[PDB]
Structure formats: C-alpha cells, structure tokens
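Engineer: Structure file data-v1.csv (CSV, C-alpha atoms) is given on the next line.
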chain,number,residue,atom,x,y,z
A,1,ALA,CA,68.5,-6.1,128.1
A,2,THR,CA,69.3,-2.6,129.2
A,3,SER,CA,67.5,-0.3,131.6
A,4,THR,CA,67.8,3.4,132.2
A,5,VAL,CA,66.5,5.5,135.2
A,6,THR,CA,66.2,9.2,135.0
A,7,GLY,CA,64.7,11.9,137.2
A,8,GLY,CA,64.1,15.7,136.6
A,9,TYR,CA,62.5,18.9,137.8
A,10,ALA,CA,60.3,21.3,135.9
A,11,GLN,CA,58.7,24.7,136.5
A,12,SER,CA,55.5,25.8,134.7
A,13,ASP,CA,54.1,29.3,133.9
A,14,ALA,CA,50.5,30.0,132.9
A,15,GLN,CA,50.0,32.6,130.2
A,16,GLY,CA,46.7,34.3,130.7
A,17,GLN,CA,46.5,32.9,134.3
A,18,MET,CA,48.3,34.2,137.4
A,19,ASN,CA,50.1,31.3,139.0
A,20,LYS,CA,53.4,29.3,139.0
A,21,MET,CA,53.8,25.6,139.7
A,22,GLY,CA,56.7,23.1,140.5
A,23,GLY,CA,56.8,19.4,139.9
A,24,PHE,CA,59.1,16.4,139.5
A,25,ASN,CA,59.1,13.5,137.0
A,26,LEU,CA,60.3,9.9,137.0
A,27,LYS,CA,61.2,8.1,133.8
A,28,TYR,CA,61.5,4.4,132.8
A,29,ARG,CA,63.2,3.2,129.6
A,30,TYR,CA,63.0,-0.2,127.8
A,31,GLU,CA,65.2,-1.4,124.9
A,32,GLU,CA,65.2,-4.5,122.7
A,33,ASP,CA,68.4,-6.5,122.4
A,34,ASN,CA,68.2,-7.3,118.6
A,35,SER,CA,66.1,-4.4,117.4
A,36,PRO,CA,66.3,-1.5,120.0
A,37,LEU,CA,63.4,1.0,120.2
A,38,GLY,CA,63.7,3.9,122.6
A,39,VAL,CA,60.6,4.3,124.8
A,40,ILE,CA,60.2,6.7,127.7
A,41,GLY,CA,57.3,6.9,130.1
A,42,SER,CA,57.1,9.8,132.6
A,43,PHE,CA,54.8,10.6,135.4
A,44,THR,CA,54.7,14.2,136.5
A,45,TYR,CA,53.4,15.6,139.8
A,46,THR,CA,53.1,19.4,140.3
A,47,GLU,CA,51.8,21.6,143.2
A,48,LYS,CA,50.8,25.2,143.4
A,49,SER,CA,52.8,27.4,145.8
A,50,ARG,CA,51.1,29.6,148.4
A,51,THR,CA,51.9,33.2,149.2
A,52,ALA,CA,51.1,34.9,152.6
A,53,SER,CA,49.1,38.1,152.3
A,54,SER,CA,45.4,37.8,151.7
A,55,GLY,CA,45.2,34.8,154.1
A,56,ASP,CA,43.2,32.6,151.7
A,57,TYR,CA,44.4,29.1,150.9
A,58,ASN,CA,43.7,26.9,147.8
A,59,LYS,CA,44.7,23.4,147.1
A,60,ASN,CA,45.6,22.7,143.4
A,61,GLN,CA,47.2,19.5,142.1
A,62,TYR,CA,48.1,18.4,138.6
A,63,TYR,CA,49.1,15.0,137.3
A,64,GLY,CA,50.3,14.1,133.8
A,65,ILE,CA,51.1,10.8,132.0
A,66,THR,CA,53.2,10.8,128.8
A,67,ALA,CA,55.1,8.5,126.5
A,68,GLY,CA,57.4,9.0,123.5
A,69,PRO,CA,59.5,7.0,120.9
A,70,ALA,CA,63.2,7.7,120.4
A,71,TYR,CA,65.6,7.6,117.5
A,72,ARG,CA,69.4,7.1,117.6
A,73,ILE,CA,71.6,7.9,114.6
A,74,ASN,CA,75.3,7.7,114.0
A,75,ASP,CA,75.7,6.5,117.7
A,76,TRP,CA,76.2,10.2,118.5
A,77,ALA,CA,73.0,11.5,120.1
A,78,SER,CA,69.4,10.4,120.6
A,79,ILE,CA,66.1,12.4,120.2
A,80,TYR,CA,62.6,11.7,121.3
A,81,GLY,CA,59.1,13.2,121.3
A,82,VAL,CA,56.3,12.7,123.8
A,83,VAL,CA,52.6,13.3,124.2
A,84,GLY,CA,50.3,12.9,127.2
A,85,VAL,CA,47.2,14.0,129.1
A,86,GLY,CA,47.0,16.0,132.4
A,87,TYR,CA,44.3,16.7,134.9
A,88,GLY,CA,44.0,19.4,137.5
A,89,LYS,CA,41.7,19.7,140.6
A,90,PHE,CA,41.0,22.6,142.9
A,91,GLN,CA,38.9,23.1,146.1
A,92,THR,CA,35.2,23.2,145.4
A,93,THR,CA,32.5,25.6,146.6
A,94,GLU,CA,28.8,24.8,146.7
A,95,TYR,CA,27.4,26.0,143.3
A,96,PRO,CA,23.9,25.3,141.8
A,97,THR,CA,23.8,22.1,139.7
A,98,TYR,CA,24.7,22.4,136.0
A,99,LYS,CA,26.2,20.1,133.3
A,100,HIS,CA,30.0,20.5,133.3
A,101,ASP,CA,33.2,18.6,133.8
A,102,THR,CA,34.2,18.0,137.4
A,103,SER,CA,37.9,18.4,136.6
A,104,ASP,CA,39.9,20.2,134.0
A,105,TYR,CA,42.1,18.4,131.4
A,106,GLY,CA,44.5,19.3,128.6
A,107,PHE,CA,47.0,17.9,126.1
A,108,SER,CA,50.8,18.2,126.3
A,109,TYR,CA,53.6,17.5,123.9
A,110,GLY,CA,57.3,18.2,123.4
A,111,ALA,CA,60.8,16.9,122.4
A,112,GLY,CA,64.1,16.3,124.2
A,113,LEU,CA,67.7,15.6,123.5
A,114,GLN,CA,70.3,13.4,125.2
A,115,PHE,CA,73.8,14.7,125.9
A,116,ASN,CA,77.0,13.1,127.1
A,117,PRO,CA,76.2,9.4,126.1
A,118,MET,CA,79.3,8.2,127.9
A,119,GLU,CA,79.9,6.7,131.4
A,120,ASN,CA,76.9,6.0,133.6
A,121,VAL,CA,75.7,9.7,133.5
A,122,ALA,CA,73.6,11.3,130.8
A,123,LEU,CA,71.6,14.6,130.7
A,124,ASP,CA,68.1,15.2,129.2
A,125,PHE,CA,66.7,18.5,128.2
A,126,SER,CA,63.3,19.1,126.6
A,127,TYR,CA,60.8,21.8,125.8
A,128,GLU,CA,57.1,21.2,126.9
A,129,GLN,CA,54.0,23.0,125.8
A,130,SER,CA,50.4,22.2,126.7
A,131,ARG,CA,46.9,23.6,126.0
A,132,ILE,CA,44.3,23.6,128.7
A,133,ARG,CA,41.1,25.2,127.2
A,134,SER,CA,42.3,28.6,126.1
A,135,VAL,CA,45.1,28.8,128.7
A,136,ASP,CA,48.7,28.3,127.5
A,137,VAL,CA,51.2,26.6,129.8
A,138,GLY,CA,55.0,26.3,129.2
A,139,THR,CA,57.2,23.9,131.2
A,140,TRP,CA,60.9,23.3,130.9
A,141,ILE,CA,62.2,19.8,132.0
A,142,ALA,CA,65.8,18.8,132.8
A,143,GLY,CA,67.1,15.7,134.5
A,144,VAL,CA,69.9,13.1,134.8
A,145,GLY,CA,69.9,9.4,134.4
A,146,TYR,CA,72.1,6.3,134.3
A,147,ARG,CA,72.1,3.2,132.2
A,148,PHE,CA,73.1,-0.3,133.2
Starting from the coordinates I provided, produce the structure as structure tokens.

Structural biologist:
Amino acid sequence: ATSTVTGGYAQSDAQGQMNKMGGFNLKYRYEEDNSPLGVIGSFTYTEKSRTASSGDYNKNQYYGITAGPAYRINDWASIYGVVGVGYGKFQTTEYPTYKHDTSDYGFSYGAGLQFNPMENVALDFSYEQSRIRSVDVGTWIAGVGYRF
C-alpha cells in the first residue's frame, strides 16, 4: 500500500466579528492497491492572538475534524473536497442560568488541488469557508507532503 503525510498552515478571518486566528493541520492518506480511493483526514488547531493595550486577556481555542474523497484523472492532477465540524470555547463569566449551548459549533467545507505529482514532494492548496451561526469565516490552507 501507499501512505502520504502532509502538513500545512492556515489563517482565518471573521467577517462580522473582529478577530484573526492561526492554526496548523496534519493529514493522513490511505489508498487501495487494486482499486485506489483518495481519502484525507485532517485535524486543525487554531488559537487567537492577543494584543497589548487594554490589558484584558481572553482564551479562545477552536478544533475542527474533516474528511474528503479524492479523484485522479489522466494521471495528471488530483482534486478533493472535504466537510467537517468545528467547536470553539472561550472564558466564561458567571451569568444567570438559562437554556443554551455551552460551546459554539459550525460547519466547514472546501476543495483543494495537488500540484507537482513527481518526486517525494507535492503541494496542496485549498479554499475553506465555514458558517458559525450568522458569522462568516474564511480560511486559506496550504501545505506540503511526501508519498512512499
């Protein structure tokens, strides 16, 4: 069988919210010997950056799990599409009790292309968009991997 390892970096911007985040992703790929199917699973970890001025500090973390099939044609290039779910958590203040979700969640999807399918180095570039109740987030992901 064949295995491919890829890693990448992404930056996200929140339209309608004021904040920017940075995260990293690790990808695992599995292929079948007699009937290959392209599958990628990626785990993303992003953190919010802090700026010195007001003096207030807030801890915000976001984790996302995604998976996507991939199609190869004319042995030239391969394309894939992914969907996943992400959750975000922030420091809590003591508020009166009411029915509501403890953490925020949203859905993400996108597609990517593979370039330079020669040697042990290949590049992956994809566009990511996600909706987190009424807030729009855009993330660009690029990374490099090797197959053996």

Engineer: Would you please work out which residue, of A:33, A:27, A:68, A:140, is nearest to residue 125 of chain A when using all atoms listed in the file?

Structural biologist: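 Using all atoms listed in the file, residue 125 of chain A sits closest to A:140.
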
Engineer: Do you know which residues lie at most 8 Å from (71.2, 15.9, 118.8), with coordinates as in the file and all atoms listed in the file counted, and could you write them as a PyMOL selection string?

Structural biologist: chain A and resi 76-79+113-115

Engineer: Quick one: distance from atom CA of residue 87 of chain A to atom CA of residue 105 of chain A in Å, one decimal?

Structural biologist: 4.5 Å

Engineer: What is the distance, in Å and to one decimal place, between atom CA of residue 32 of chain A and atom CA of residue 2 of chain A?

Structural biologist: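 Separation between atom CA of residue 32 of chain A and atom CA of residue 2 of chain A: 7.9 Å.
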
Engineer: May I ask for the distance between atom CA of residue 142 of chain A and atom CA of residue 59 of chain A, given in Å to one decimal place?

Structural biologist: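 We find that atom CA of residue 142 of chain A and atom CA of residue 59 of chain A lie 25.9 Å from each other.
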
Engineer: List every protein, DNA or RNA residue with an atom no more than 9 Å from (68.4, -2.5, 133.6) in the file's coordinates, counting all atoms listed in the file, and format the result as a list in words.

Structural biologist: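 Protein and nucleic acid residues near the point are residues 1, 2, 3, 4, 5, 29, 30, 147 and 148 of chain A.
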
Engineer: I need the residue nearest residue 50 of chain A from this list: A:12, A:134, A:66, A:19. Use all atoms listed in the file for the distance.

Structural biologist: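 Distance minimum relative to residue 50 of chain A lands on A:19.
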
Engineer: For a quick check of understanding, using only C-alpha atoms, which of A:16, A:144, A:139, A:84 has the smallest distance to residue 117 of chain A?

Structural biologist: A:144

Engineer: Which residue is closest to residue 107 of chain A? Choose from A:65, A:92, A:80, A:145 and count all atoms listed in the file.

Structural biologist: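 Counting all atoms listed in the file, the residue closest to residue 107 of chain A is A:65.
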
Engineer: Padding 3 Å on every side, please: axis-aligned box over the listed atoms of segment 119-136 of chain A, centre and edge lengths to one decimal in Å, as JSON.

Structural biologist:
{"center_x": 60.5, "center_y": 17.4, "center_z": 129.7, "size_x": 44.8, "size_y": 28.8, "size_z": 13.8}

Engineer: Of the candidates A:6, A:25, A:130, A:74, which shows the shortest atom-to-atom distance to residue 44 of chain A, using only C-alpha atoms?

Structural biologist: A:25
